[PDB]
Structure formats: structure tokens, C-alpha cells
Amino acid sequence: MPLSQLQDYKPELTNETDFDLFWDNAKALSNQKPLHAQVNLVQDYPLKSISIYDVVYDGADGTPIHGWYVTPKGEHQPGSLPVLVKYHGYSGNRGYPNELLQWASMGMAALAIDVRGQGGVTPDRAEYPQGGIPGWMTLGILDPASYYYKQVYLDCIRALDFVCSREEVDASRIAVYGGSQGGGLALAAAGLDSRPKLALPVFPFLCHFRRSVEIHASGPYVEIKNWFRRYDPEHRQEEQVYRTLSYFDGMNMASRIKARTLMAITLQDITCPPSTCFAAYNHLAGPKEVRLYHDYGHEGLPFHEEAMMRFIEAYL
């Protein structure tokens, strides 16, 4: 897709008429299950200008979700610290505490959590009706009530609960952030919950699934293709598959975001094609900015750090 085409690219929403009903039912599941947040301070870490906490809280179905919570060292009044909540890339994990340093040295608290079952210490306790393709995208794909990303989305909202359980945190100054899957999950946390003030998705995955699969996006979108290869080579269940996926689709989530958003889009990206990123961005309901990186694909953006900082200082 050429560029002035991408910038007006606004395909029709795929949300089923029961989208909000499905979600507030899923949120009722979460409301009945307490956080039971365990927070243990790490004192053997060499950075020293920040406080580092090892965190675990219960997901809606009892899965213990692990994170790192970091603050500036020193005394903080109740409701004084802004907070950034960071979600991570497909197969990754909470990372190391020092990657939250930038946020803490701006005066902010920050949280990085594991996505259940991925390459960390957080397991996946949900049960699925059938097997799948290596990875997570195809687990429970035939029914949205059992789909892998239902409990993931709920784990991501309960991270906002954890931050607001801390009295030093200012609940009116929450940003959600992430690259790729991380960016998908920030769109969903800002789409499903009212509390986030800013969203900063970078090349978000989990957007416009039908198109992503159709144009042979690389990376984890190929799992959905491999699903059809093994389960349904004539595409007879195609409709059930894309219907299930519509409830988690970032484009549908974007139509319900009122938070101010800064999106980063990379024009040579073949894992999260920019037409899927622009699909979501142009359905954003609140004010928004975009950074277009013409010659970058799915990879590190060291220059984007400073743009995110400016944005946060201006509006958080």
C-alpha cells in the first residue's frame, strides 16, 4: 500500500454486536478473583538509584503472573508517582530490572510483567479443547471464551489493578507501553479499561487479523496459516476463526480508546505490516500522534525512546 493510501486506511470494524457483552462478562471473572499481590524487594542488584521489586499476582483463573516493579529511591507521598506499565514481545518475558531505569529516572514508577506461558517463569493454567500449532496464537481459536488471549487481556488489566493497589502511584497518571505483541496488549488495556491516560504502542501486533494473514505477514501471524494447513485446508471454519479473533483485534480495541496515543509505525515491517498498524491508528477515538520510520522494519528503534519521553513529559 502506498503512503497517502495508508494514512487514510480505515477499514470497517469487525467487532461482533456482542463485543462489549463478551468483555464485561470476562471482566466479571476477574472482579471475583482477588489479586493476592506478593511484592519482595531485591537488595542485591547493582543499580542502587532505584527500588526494585519482584512481584507476583494472581490472574483471573489463578495463574501466578510475575513482574518487576521499579520506583525512584526516596520518600513518595500517596498518589504522587506516575506509572508506566510495559507489556512484552511475542515469546519474551518481563526482562531485567535495568530496562525500566529510563522511566524511573524521569520520576515515574514502572511495571513489566510476563505474558502467561511465554519465555519466563509465569506458566499458563488455562485449558484448551484441542491442541495447536507451536506457539500460543492458535490455542482455543475455535471459541472466543477459551481463546489464549482472553486470560492474557485480563492479566494485562489486572496489572493496572496492581499498580493502583500501591498508594504511592497516581492512578490518574498511567501510561501503557509495548512493542509488537506488547503494543497489541497496550491497545487492549487502554481499550478495555478506562484508567490509562496515555497509550504508546510500537508497531502493534494483534491488529486486523484477516488482512495480516491474507498478505502473508511473517512471524507469529504464520501460526494462523499453519492452523488452516493442519486443521482445515479448504477453509471451511474460516468464519469461526476470524470471528473468534475479532474480539481481541486491536482495530476493534482502538475504536474504544479515549487515551491520547503515540504510535510508532515502521514502513518496511513484514511481521506487523503498516496497513494493520494504520487500520488501528485511524480508528483511535481520542487524540493521537504518529511517528513514521520509513526505512525500518521489525527491530529496535533507539531514536523512538526520546520521542516517547517528550510525549510523556508533555502529557502524562
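Note that residue numbering follows the sequence shown and begins at 1.
Asker: Comparing 213-221 with 80-88, which stretch shows the greater average C-alpha B-factor in the deposited entry?
Answerer: According to the entry, 213-221 carries the higher average C-alpha B-factor.
Asker: Comparing 99-107 with 175-183, where is the mean C-alpha B-factor higher?
Answerer: According to the entry, 99-107 carries the higher average C-alpha B-factor.
Asker: Sorting 28, 264, 253, 41 by Cα temperature factor from the record, which one lands on top?
Answerer: Within the set 28, 264, 253, 41, 28 shows the top C-alpha B-factor.
Asker: Between 116, 94, 230, 236, which carries the biggest CA temperature factor in the record?
Answerer: Out of 116, 94, 230, 236, the record gives the largest C-alpha B-factor to 236.
Asker: Could you look up the Cα B-factor of residue 66 in the entry and say which third of the chain it sits in: lowest, middle or highest?
Answerer: Ranked within chain, residue 66 CA B lands in the lowest tercile.
Asker: According to the PDB entry, is the CA B factor of residue 45 in the bottom, middle or top third of its chain, that is, lowest, middle or highest?
Answerer: Highest third.
Asker: Going by the CA temperature factor in the PDB record, which third of the chain does residue 243 belong to: lowest, middle or highest?
Answerer: Its C-alpha B-factor belongs to the middle third of this chain's values.
Asker: Please place residue 51 in the lowest, middle or highest third of its chain by C-alpha B factor as given in the entry.
Answerer: For residue 51, the deposited C-alpha B-factor lands in the lowest third.
Asker: Could you say whether, by C-alpha temperature factor, residue 135 belongs to the lowest, middle or highest third of its chain?
Answerer: Lowest third of the chain for residue 135's C-alpha B-factor.
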